[PDB]
Every structure is written in structure tokens, then in C-alpha cells.
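The listed protein sequences correspond, in order, to chains O, I and Q. Residues in the first sequence are numbered consecutively from 1, following the entry's author numbering. Residues in the second sequence are numbered consecutively from 8, following the entry's author numbering. Residues in the third sequence are numbered consecutively from 199, following the entry's author numbering. Below is one structure, written out as C-alpha cells, with a few remarks after it.
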Amino acid sequence: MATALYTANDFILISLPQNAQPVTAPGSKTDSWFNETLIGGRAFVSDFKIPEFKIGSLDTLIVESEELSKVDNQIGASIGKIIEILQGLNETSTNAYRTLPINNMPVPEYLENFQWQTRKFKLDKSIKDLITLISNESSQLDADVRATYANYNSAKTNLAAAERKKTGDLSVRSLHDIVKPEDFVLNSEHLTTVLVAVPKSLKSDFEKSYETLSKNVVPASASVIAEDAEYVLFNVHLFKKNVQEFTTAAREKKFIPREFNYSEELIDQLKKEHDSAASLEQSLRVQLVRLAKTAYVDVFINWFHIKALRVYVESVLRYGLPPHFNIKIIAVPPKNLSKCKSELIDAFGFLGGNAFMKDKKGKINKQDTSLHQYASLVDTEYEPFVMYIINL
Amino acid sequence: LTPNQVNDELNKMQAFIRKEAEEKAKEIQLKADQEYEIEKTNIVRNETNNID
Amino acid sequence: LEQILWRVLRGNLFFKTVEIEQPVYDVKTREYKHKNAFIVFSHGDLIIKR
């Protein structure tokens with residue numbers, strides 16, 4: 001059984017009329033069958049105390065049930081899409097609040113003794129009121145985490161782009177250790193320099209073009225300056241009037257057109273931007289993990305409250321006015337969905353109906369006609385009794 | 008025909024009938040609770056003017 | 199139909215019926231299809247519209 005992620009020490013939600021008695025061997029008490037006559041390594045047989053709430057018109061109960069199920073779907077999707085990134089960050093690999101104590105309390109321990117909280121919900125409140133409260137709280141926390149994650153993704157893309165320029169090619173890297181006044185003599189203009197980067201093999205096209213290249217060359221401006229073992233760098237100083245010839249010729253001898261000069265106002269920009277990107281990513285990741293931890297427990301509290309209200313409404317949906325109906329919770333051994341689902345429904349098959357006999361049983365969606373969409377507004381079909389798939 | 012549920016439906020009939028009746032009773036109580044002043048003070052001013 | 203009613207109104211309804219003696223043809227296909235008539239009653243108006 002797996003409703004949550006990283007299943008361990010799982011439970012099940014069950015409700016029933018107080019007087020209801022199982023039928024597999026008559027004369028058996030509730031605990032006698034539960035704690036002893038139920039196979040499984042462990043069975044934390046326990047009750048589930050829940051406050052009573054308002055009783056609206058029979059007419060509406062169905063629409064509130066539909067609305068709460070609809071919102072249950074989206075909140076489930078949200079908890080899933082936050083758990084995925086709670087592992088997608090890839091910082092801690094053992095676990096992260098998957099089985100770790102939620103709200104400083106082991107998740108099974110917390111739930112097996114969790115009582116209802118009379119802090120954001122009061123004794124006499126409208127059902128729509130609590131529905132909207134949970135809905136909007138969850139929606140706001142969602143939007144917050146979504147915007148934060150989008151900002152993190154943008155930062156990751158930007159810093160990756162910065163890193164690619166930093167390393168990935170010796171032609172695109174923004175040099176910051178060879179530009180100097182001693183080779184970029186920026187003064188009263190007489191010359192026009194340019195950086196050159198040519199593969200080693202083509203070195204004859206430039207070396208043997210020492211001075212036949214064109215007029216107006218500068219002595220020591222073609223001699224050895226710098227070599228990267230893949231490209232060779234010089235400072236081709238040509239005058240400030242005959243730039244046209246070499247500018248035209250640069251497109252047929254494979255010269256990099258990256259116009260660079262001794263200007264610190266741009267050199268400092270790349271370093272400051274890279275360091276700031278690293279620092280802001282470092283701050284953002286910690287802030288994001290903290291926000292995830294904070295909202296994680298909040299969203300599970302919300303989702304557990306949604307399940308609680310779902311079961312509470314479905315209880316009266318099953319039966320009449322008297323809310324005297326017993327609710328029990330039992331821990332379940334891992335990887336034992338089949339036998340539990342079978343035996344538990346077997347003991348109270350009488351509560352699946354009295355004259356509605358079908359060999360197919362359970363609650364997994366199935367179709368044998370042009371119907372059976374499991375929707376109380378168009379097409380829905382059997383349910384065994386008050387219960388829902390749940391592990392944690 | 009589940010014996011308990013079918014009779015619970017007819018019980019809820021009267022239960023919610025009287026619950027809505029009592030909510031209507033509360034509403035009509037409130038509709039006049041404030042009415043004991045608005046008509047009992049804005050109408051008595053028909054005489055103080057003549058007295059003055 | 200009765201099953202989907204029973205499992206959409208959640209096991210609470212009055213539903214008794216009588217069969218069509220000497221049935222008649224349909225209108226979509228002009229076929230003498232065996233027919234049944236039903237009667238139903240509930241309290242909720244929302245139920246009625248559903």
C-alpha cells in the first residue's frame with residue numbers, strides 16, 4: 001500500500017456504525033477480531049476521535065462532497081509536485097521528511113495520536129467556511145512555492161550560462177589576465193589593435209605573412225606574444241587610418257572579431273556578476289529548502305484535515321442522524337495490501353448492500369457498460385464502505 | 008431497501024423540517040428584536056415638537 | 199439504471215415498479231422492445247433535478 005512517498009509503518013482509515021458486528025464467525029467483539037483475528041505483523045488497533053460538525057440540507061451534502069473530492073485531487077497533486085522537488089534538489093540522499101518526524105513527531109506516532117486542532121477551526125463553523133479556508137491557505141502556499149521554484153530555475157539557467165562562457169572554449173572566454181596598458185596603450189590615438197586567435201596548424205599563414213600582409217604594421221606586434229597551445233594571441237597594432245584593408249582581410253584569415261581593449265569597467269563586470277550569481281544561488285537554495293520544510297508539514301496538516309472532513313461527511317452519507325458511529329485506525333505491515341483489503345471488506349460485506357450482488361468488488365475504477373465513471377454527477381458505481389486508500 | 012437507512016431518511020425529513028423551522032424562528036426573532044426601538048423613538052418625536 | 203440510482207443517491211430511496219404488459223415499438227429504431235415503467239419519489243429537490 002502506497003499513497004504517500006517512501007512508505008513505512010502505514011495505517012488505514014476505517015469508519016463504521018458502533019453497533020455493527022462482523023460476520024465471519026459470529027459472537028466476536030470489535031477488538032477481538034481486530035487486534036487478534038487480523039493477519040499481519042502488527043495491528044495498532046485504535047479509535048479515531050473527530051469533532052461533530054454542522055448538518056446541512058440533504059440536498060447540498062452531495063455537492064459539498066463533490067467539491068471536497070475535487071479539491072482533494074488538486075491538493076494531492078500539489079503535495080506530489082512538492083515532494084518531487086523535495087527529492088529533486090539532490091542534496092540529502094538518505095531521506096527528507098519522508099519518514100523523518102514531521103512537526104518534530106514521527107509521522108506514524110504523530111498521526112496515531114494526532115487530535116483535531118481547535119485553532120483555525122471552531123466548534124460551530126460553516127462547512128463552506130472551512131472548505132474555503134483550507135483551499136485558499138493551500139493555494140497561497142502553493143503559489144508561493146511555485147514562484148520561488150521558478151525563480152530558482154531562472155537563476156540556475158543564468159548561472160549555467162555564465163559558467164559556459166567561463167569555460168567551454170578558449171575563443172569565447174572573456175580574458176582578464178592578458179589585457180594590460182603595456183599591450184593596450186590607450187592614449188592619443190595613432191594605432192588600432194586587435195586580438196588574434198588562430199589554430200596551431202595555420203600558424204604559417206600568419207608567421208610567414210610577417211610583413212607581406214600589408215603596409216602600416218607595428219614592429220614587435222607580430223612576434224611571439226602569447227600561445228594557448230591551441231590558439232596564438234598577439235596585438236595586431238595597425239594605424240588609425242588604414243584600418244579598412246585589414247578589417248576587410250580579417251574575414252578570410254580566420255580572425256576573431258572580438259573587439260577588446262584595456263577597459264576595467266567591463267572586466268570587473270563579469271567577475272562581479274559571476275560571484276553574485278554564485279552567492280545568490282547559495283542563499284536561494286537554503287531559503288528554498290527552509291521554505292519547503294516549513295510548508296511541507298502545513299500541507300500535510302491540510303490534506304489530513306481534508307481526509308478527516310471527507311470521512312466525516314461520508315459517515316452521515318452512509319447512515320442517519322445519530323452520529324454515534326465508531327471509527328477505528330490500525331497500522332498495517334508493509335507490502336500487504338491484498339490480504340488486508342480482502343479480509344477487512346469480507347468481515348462486513350453485509351455493509352456493501354443487501355440485494356445488490358456483483359462478483360466484482362473493491363473501489364478501483366472499472367467499466368462494464370457505457371457508464372461507471374465514478375462521478376456522482378454523471379456516472380458512479382459501487383463502493384465497499386466508508387474507506388479510502390491510505391498509507392501515511 | 009437497507010432497513011435503517013430508509014427509515015433514517017424519513018426521520019431526517021422531520022428533523023431538518025423542524026431545524027429549518029427553528030432557524031426561521033431565530034430569523035423572525037431578530038427581524039423584530041431591533042424593531043422595538045426604531046419605531047418606538049422615531050415616531051414619538053411627533054409630539055415633542057408640538058410640546059416645544 | 200436502478201443500480202446507478204442506488205449508488206448515486208447512496209442507498210436511500212423509494213423505488214417500486216410494474217412491468218409493461220403487451221409492450222410496444224420504440225421510436226429510434228421502430229422495434230417492439232420489451233418495456234418497463236417505473237415510479238420514484240424522494241424528498242430533496244436537488245435530487246429531483248439530478
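Don't be surprised by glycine CBs; every beta carbon is placed ideally from N, CA and C.
In this chain, the beta strand (DSSP E) harbouring Q/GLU217 covers 212-217.
According to the DSSP assignment, I/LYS26 belongs to the alpha helix (DSSP H) that extends over 10-40. Pairing O/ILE329 with O/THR380, the inter-Cα distance amounts to about 27 Å. The C-alpha of I/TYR43 lies about 12 Å from the C-alpha of I/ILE50.
Sequence-ordered contacts of the region 42-72 of chain O with chain I read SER57 and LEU58 [C-beta pairs closer than 7 Å]. Inter-residue distance for O/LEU130 and O/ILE327 is about 22 Å (C-alpha atoms, whole angstroms). Counting only residues of its own chain and dropping the five nearest sequence neighbours on each side, O/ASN242 has a CB closer than 8 Å to the CB of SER214, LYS215 and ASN216.
Comparing C-alpha distances from Q/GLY242 to each of O/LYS54, O/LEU61, O/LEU38 and O/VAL45 shows the shortest one belongs to O/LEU61. Collapsing the DSSP output to three states places O/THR192 in a strand.
Proximity of the region 9-28 of chain I to the region 199-218 of chain Q meets the contact definition, three or more beta-carbon pairs being nearer than 8 Å. For the pair O/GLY349 and O/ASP124, the Cα-to-Cα distance works out to about 35 Å. O/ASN235 is a Cβ neighbour of O/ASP183, given a cutoff of 8 Å.
By the criterion of a C-beta distance shorter than 8 Å, O/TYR374 is surrounded in its chain by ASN365, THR380 and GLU381, once the five residues flanking it on both sides are discounted. Restricting attention to O/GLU314, O/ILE389, O/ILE301 and O/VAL386, the CA atom closest to the CA of O/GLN117 is found in O/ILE301. Between the alpha carbons of O/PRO199 and O/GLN87 lies a gap of roughly 45 Å. In the DSSP assignment, O/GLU227 forms a beta bridge with O/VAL232. DSSP, reduced to helix, strand and coil, places O/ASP10 within a strand of the structure shown.
Around the CB of O/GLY320, 16 or more other CB atoms lie within 10 Å, so the residue is classed as buried. Close to O/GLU381, with beta-carbon spacing below 8 Å, are these residues of chain Q in chain order: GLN201, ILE202 and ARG205. Chain I has no Cβ within less than 8 Å of the Cβ of O/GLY349. Proximity of the region 283-293 of chain O to the region 139-153 of chain O meets the contact definition, three or more beta-carbon pairs being nearer than 8 Å.
Residue state for O/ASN242 is assigned as coil, using DSSP reduced to three classes.
Contact between O/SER78 and O/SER32 does not hold, since their C-beta atoms are separated by about 41 Å, which reaches or exceeds 8 Å. Per the Cβ contact rule, the region 254-263 of chain O is not in contact with the region 277-284 of chain O (fewer than 3 Cβ pairs under 8 Å). O/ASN326 has O/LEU16 as its beta-bridge partners, per DSSP. For O/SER15, the number of other beta carbons within 10 angstroms of its own is at least 16, and it is reported as buried. For the pair of segments examined, the region 225-240 of chain O was found to touch the region 187-204 of chain O: the number of CB pairs separated by less than 8 Å reaches three.
Proximity of chain I to O/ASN354 at the Cβ level (cut-off 9 Å) is accounted for by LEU8, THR9 and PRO10, in chain order. Under the 8 Å criterion on CB atoms, O/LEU16 is classed as non-interfacial with respect to chain I.
Counted as a single uninterrupted DSSP element, the stretch harbouring Q/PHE239 is not any alpha helix (DSSP H) but the beta strand (DSSP E) occupying residues 234-239. In this structure, DSSP gives O/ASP379 an extended state, which the three-state scheme calls strand. At least 8 Å separates the beta-carbon of O/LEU5 from that of O/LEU309.
Taking the Cα of O/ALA226 as reference, the smallest distance to any Cα among O/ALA197, O/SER201 and O/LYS156 is reached at O/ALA197. Under the 10 Å beta carbon count, O/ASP298 is surrounded by fewer than 16 other beta carbons and is classified as exposed. Among the bridge pairs identified by DSSP, O/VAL332 is matched with O/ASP10.
For the pair O/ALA43 and Q/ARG208, the Cα-to-Cα distance works out to about 31 Å.
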